[PDB]
>>> print(open('final-v1.pdb').read())   # PDB, C-alpha atoms
ATOM      1  CA  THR R   1       0.000   0.000   0.000
ATOM      2  CA  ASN R   2       2.979   2.291   0.845
ATOM      3  CA  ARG R   3       4.259   1.413  -2.654
ATOM      4  CA  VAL R   4       0.823   1.780  -4.307
ATOM      5  CA  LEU R   5       0.462   5.489  -3.388
ATOM      6  CA  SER R   6       4.114   6.268  -4.346
ATOM      7  CA  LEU R   7       3.876   5.070  -7.969
ATOM      8  CA  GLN R   8       0.503   6.862  -8.405
ATOM      9  CA  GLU R   9       2.412  10.139  -7.766
ATOM     10  CA  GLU R  10       5.166   9.117 -10.270
ATOM     11  CA  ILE R  11       2.830   7.733 -12.990
ATOM     12  CA  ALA R  12       0.980  11.039 -12.965
ATOM     13  CA  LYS R  13       4.125  13.244 -13.313
ATOM     14  CA  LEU R  14       5.561  11.690 -16.505
ATOM     15  CA  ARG R  15       2.062  11.661 -18.063
ATOM     16  CA  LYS R  16       2.157  15.466 -17.746
ATOM     17  CA  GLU R  17       5.864  15.688 -18.782
ATOM     18  CA  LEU R  18       5.563  13.793 -22.097
ATOM     19  CA  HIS R  19       2.407  15.775 -22.844
ATOM     20  CA  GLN R  20       4.453  18.985 -22.343
ATOM     21  CA  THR R  21       7.203  17.611 -24.629
ATOM     22  CA  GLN R  22       4.542  16.520 -27.176
ATOM     23  CA  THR R  23       3.012  20.046 -27.157
ATOM     24  CA  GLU R  24       6.481  21.576 -27.643
ATOM     25  CA  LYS R  25       7.495  19.029 -30.316
ATOM     26  CA  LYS R  26       4.332  19.582 -32.293
ATOM     27  CA  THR R  27       5.474  23.233 -32.406
ATOM     28  CA  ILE R  28       9.108  22.302 -33.333
ATOM     29  CA  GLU R  29       8.028  19.834 -36.068
ATOM     30  CA  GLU R  30       5.568  22.429 -37.483
ATOM     31  CA  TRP R  31       8.297  25.113 -37.160
ATOM     32  CA  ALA R  32      10.849  22.886 -38.976
ATOM     33  CA  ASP R  33       8.271  22.200 -41.750
ATOM     34  CA  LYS R  34       7.524  25.948 -42.082
ATOM     35  CA  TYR R  35      11.286  26.607 -42.181
ATOM     36  CA  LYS R  36      11.279  24.067 -45.037
ATOM     37  CA  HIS R  37       8.663  26.315 -46.699
ATOM     38  CA  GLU R  38      11.309  29.087 -46.362
ATOM     39  CA  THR R  39      14.260  26.931 -47.617
ATOM     40  CA  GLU R  40      12.501  25.592 -50.748
ATOM     41  CA  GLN R  41      11.578  29.170 -51.816
ATOM     42  CA  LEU R  42      15.110  30.650 -51.863
ATOM     43  CA  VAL R  43      16.318  27.831 -54.153
ATOM     44  CA  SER R  44      13.756  29.237 -56.613
ATOM     45  CA  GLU R  45      14.310  33.014 -56.022
ATOM     46  CA  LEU R  46      18.132  32.952 -55.721
ATOM     47  CA  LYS R  47      18.222  30.812 -58.886
ATOM     48  CA  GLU R  48      16.072  33.421 -60.655
ATOM     49  CA  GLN R  49      18.495  36.056 -59.264
TER      50      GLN R  49
ATOM     51  CA  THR V   1       1.050  -7.766  -5.935
ATOM     52  CA  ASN V   2      -0.997  -8.529  -9.100
ATOM     53  CA  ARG V   3      -1.001  -4.726  -9.508
ATOM     54  CA  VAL V   4       2.729  -4.471  -8.676
ATOM     55  CA  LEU V   5       3.861  -6.880 -11.457
ATOM     56  CA  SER V   6       1.575  -5.153 -14.019
ATOM     57  CA  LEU V   7       2.957  -1.625 -13.456
ATOM     58  CA  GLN V   8       6.566  -2.929 -13.373
ATOM     59  CA  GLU V   9       5.946  -3.881 -17.053
ATOM     60  CA  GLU V  10       4.389  -0.399 -17.799
ATOM     61  CA  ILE V  11       7.072   1.609 -15.918
ATOM     62  CA  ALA V  12       9.747  -0.118 -17.966
ATOM     63  CA  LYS V  13       8.064   0.590 -21.367
ATOM     64  CA  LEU V  14       7.848   4.411 -21.112
ATOM     65  CA  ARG V  15      11.454   4.472 -19.892
ATOM     66  CA  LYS V  16      12.318   3.032 -23.298
ATOM     67  CA  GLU V  17       9.837   5.093 -25.411
ATOM     68  CA  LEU V  18      10.795   8.515 -23.930
ATOM     69  CA  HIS V  19      14.447   7.560 -24.478
ATOM     70  CA  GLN V  20      13.590   6.685 -28.111
ATOM     71  CA  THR V  21      11.967  10.131 -28.507
ATOM     72  CA  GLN V  22      14.880  11.832 -26.632
ATOM     73  CA  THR V  23      17.525  10.384 -28.995
ATOM     74  CA  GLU V  24      15.405  11.433 -32.025
ATOM     75  CA  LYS V  25      14.837  14.877 -30.481
ATOM     76  CA  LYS V  26      18.586  15.331 -30.064
ATOM     77  CA  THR V  27      18.840  14.640 -33.828
ATOM     78  CA  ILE V  28      15.997  17.071 -34.791
ATOM     79  CA  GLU V  29      17.317  19.848 -32.515
ATOM     80  CA  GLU V  30      20.838  19.446 -33.964
ATOM     81  CA  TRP V  31      19.343  19.263 -37.496
ATOM     82  CA  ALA V  32      17.214  22.425 -36.995
ATOM     83  CA  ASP V  33      20.297  24.226 -35.595
ATOM     84  CA  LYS V  34      22.374  23.122 -38.641
ATOM     85  CA  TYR V  35      19.543  24.384 -40.863
ATOM     86  CA  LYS V  36      20.058  27.644 -38.961
ATOM     87  CA  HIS V  37      23.752  27.361 -39.958
ATOM     88  CA  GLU V  38      22.414  27.167 -43.557
ATOM     89  CA  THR V  39      19.868  30.017 -42.972
ATOM     90  CA  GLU V  40      22.370  32.565 -41.610
ATOM     91  CA  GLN V  41      24.723  31.937 -44.587
ATOM     92  CA  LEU V  42      22.347  32.544 -47.531
ATOM     93  CA  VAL V  43      21.323  35.894 -45.987
ATOM     94  CA  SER V  44      24.939  36.972 -46.417
ATOM     95  CA  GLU V  45      25.684  35.362 -49.878
ATOM     96  CA  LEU V  46      22.326  36.270 -51.496
ATOM     97  CA  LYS V  47      22.750  39.725 -49.945
ATOM     98  CA  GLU V  48      26.132  39.992 -51.685
ATOM     99  CA  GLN V  49      24.507  38.682 -54.883
TER     100      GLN V  49
END
>>> encode(input="final-v1.pdb", output="structure tokens")
Amino acid sequence: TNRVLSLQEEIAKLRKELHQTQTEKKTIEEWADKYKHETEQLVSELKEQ
Amino acid sequence: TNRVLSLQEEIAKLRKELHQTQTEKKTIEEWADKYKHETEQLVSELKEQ
């Protein structure tokens, strides 16, 4: 029982932590994709230039 | 103890999966940084052009 309450505290904390990393990584993955939208465009414009 | 053996299996699995994400995240974060190394350079060369 002393063990049963202690892992309930732990199993909650990581299930917030990886949600926080998932929310940040959805931003970073979107941000990397939209920086790809930047990087594909200059290989057109600077080739026109 | 039926509950103890079942979460010992769970508490092992996430300790692999978050490591698997962490190693990939170290790659993406390095990769995004090295596509900042690209991004700083064309805004000098295409400025000179």
>>> residues_around(input="final-v1.pdb", residues="residue 49 of chain R", least_positions_apart="4", cutoff="12 Å", atoms="all atoms listed in the file", output="PyMOL selection string")
(chain R and resi 42-45) or (chain V and resi 45-49)
>>> resolve_selection(input="final-v1.pdb", expression="the ChimeraX specification (/V :<10) & /R", output="NGL selection string")
:R and (1 or 3-4 or 7 or 10-11 or 14-15 or 18 or 21-22 or 25 or 28-29 or 31-32 or 35-36 or 38-39 or 42 or 45-46 or 49)
>>> write_last_selection(input="final-v1.pdb", atoms="C-alpha atoms", output="mmCIF file, keeping the file's coordinate frame")
data_model
loop_
_atom_site.group_PDB
_atom_site.id
_atom_site.type_symbol
_atom_site.label_atom_id
_atom_site.label_comp_id
_atom_site.auth_asym_id
_atom_site.auth_seq_id
_atom_site.Cartn_x
_atom_site.Cartn_y
_atom_site.Cartn_z
ATOM 1 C CA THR R 1 0.000 0.000 0.000
ATOM 2 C CA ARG R 3 4.259 1.413 -2.654
ATOM 3 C CA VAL R 4 0.823 1.780 -4.307
ATOM 4 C CA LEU R 7 3.876 5.070 -7.969
ATOM 5 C CA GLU R 10 5.166 9.117 -10.270
ATOM 6 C CA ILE R 11 2.830 7.733 -12.990
ATOM 7 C CA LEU R 14 5.561 11.690 -16.505
ATOM 8 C CA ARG R 15 2.062 11.661 -18.063
ATOM 9 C CA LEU R 18 5.563 13.793 -22.097
ATOM 10 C CA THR R 21 7.203 17.611 -24.629
ATOM 11 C CA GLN R 22 4.542 16.520 -27.176
ATOM 12 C CA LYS R 25 7.495 19.029 -30.316
ATOM 13 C CA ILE R 28 9.108 22.302 -33.333
ATOM 14 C CA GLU R 29 8.028 19.834 -36.068
ATOM 15 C CA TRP R 31 8.297 25.113 -37.160
ATOM 16 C CA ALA R 32 10.849 22.886 -38.976
ATOM 17 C CA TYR R 35 11.286 26.607 -42.181
ATOM 18 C CA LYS R 36 11.279 24.067 -45.037
ATOM 19 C CA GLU R 38 11.309 29.087 -46.362
ATOM 20 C CA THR R 39 14.260 26.931 -47.617
ATOM 21 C CA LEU R 42 15.110 30.650 -51.863
ATOM 22 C CA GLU R 45 14.310 33.014 -56.022
ATOM 23 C CA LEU R 46 18.132 32.952 -55.721
ATOM 24 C CA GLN R 49 18.495 36.056 -59.264
#
>>> atom_distance(input="final-v1.pdb", atom1="atom CA of residue 23 of chain R", atom2="atom CA of residue 20 of chain V")
17.1 Å
>>> atom_distance(input="final-v1.pdb", atom1="atom CA of residue 41 of chain V", atom2="atom CA of residue 34 of chain R")
18.4 Å
>>> atom_distance(input="final-v1.pdb", atom1="atom CA of residue 17 of chain R", atom2="atom CA of residue 5 of chain V")
23.8 Å
